């Protein structure tokens, strides 16, 4: 009577229906559920997600050490959502945001909503109120660690030494998520790994997020013998709308955001559109230059190339079909 694949597909189906799509899936699976997404500003990270970017109406945690690029991604995500005529809101509690860099990544600052809360409670509550207005495409909370409870921001004591901040974020996500789904607003929580969890309240975030990114800094782009930028690496540790555990890498130059040409050169190579013999890069017989940089330059300048590549690369994988 037993046919494992028959008995298995049935199980899996019941599981997905009991808890949602993505409750369980084969890793080698190829999701054909083109959810609505927000381009991460990183082609590789957009493929790594399996859907083309951050899914909408979802909680997204972007954790990592300081300076790893978490914010840059976040900002790009906002820019892209704005271009699709979406409205964005930034719950600030670090007071770090630089709007100039913001615009450079293509963000329309003047039209951005910014709030700088008085307490963790407030910050989340202000965020929730905005969310259920269903007018937001995306909303970014700058620091999860900064959502310190009002009982601690105040002179409160060495007595009620509780786990307060943690449940402060648990009850907050418990009610915000639902709204977020109706609203279709993507919530990106920026988590700075520097309290006993990923930054105190990221203990629930681990369970409430449909997607979790592990941003990390891995290299320092040099070109010759000097500073040009840093290569970041992201790992999709959690993905409830596509097979998780995928990885992506991209360059972010000083004062610049995620380098397009960089991505192009990277993804072109592995995908054999751009042949990279040792040192020297070449595209369709054309001389790109030796050293990832000269290639980035070459591309940055010969915009007609690098556009056919983007094309070629965009085709092979897929950008908008269904």
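Positions refer to the first chain, counted from 1.
The modelled chain is continuous from residue 95 to residue 96, with every intervening residue of the deposited sequence accounted for. The stretch with the higher mean CA B factor, choosing between 218-226 and 154-162, is 154-162.
As recorded in the PDB entry, 247-255 is the stretch of 231-239 and 247-255 with the greater mean C-alpha temperature factor. Based on the entry's C-alpha B-factors, the most elevated value among 83, 204, 168, 127 belongs to 204. When the C-alpha B factors of 64, 53, 272, 289 are read from the deposited coordinates, the top value falls at 272. Residue-level temperature factors show residue 293 in the highest third of its chain, judged at the C-alpha atom. When the modelled residues of the chain are ordered by their C-alpha B factor, residue 44 lands in the middle third.
Per the PDB record, residue ranking by Cα B-factor puts residue 145 in the highest third of the chain. Looking at the C-alpha B-factors along this chain, the one for residue 32 belongs to the highest third. Placement of the Cα temperature factor of residue 260 within the chain: lowest third of the modelled residues, per the deposited record.
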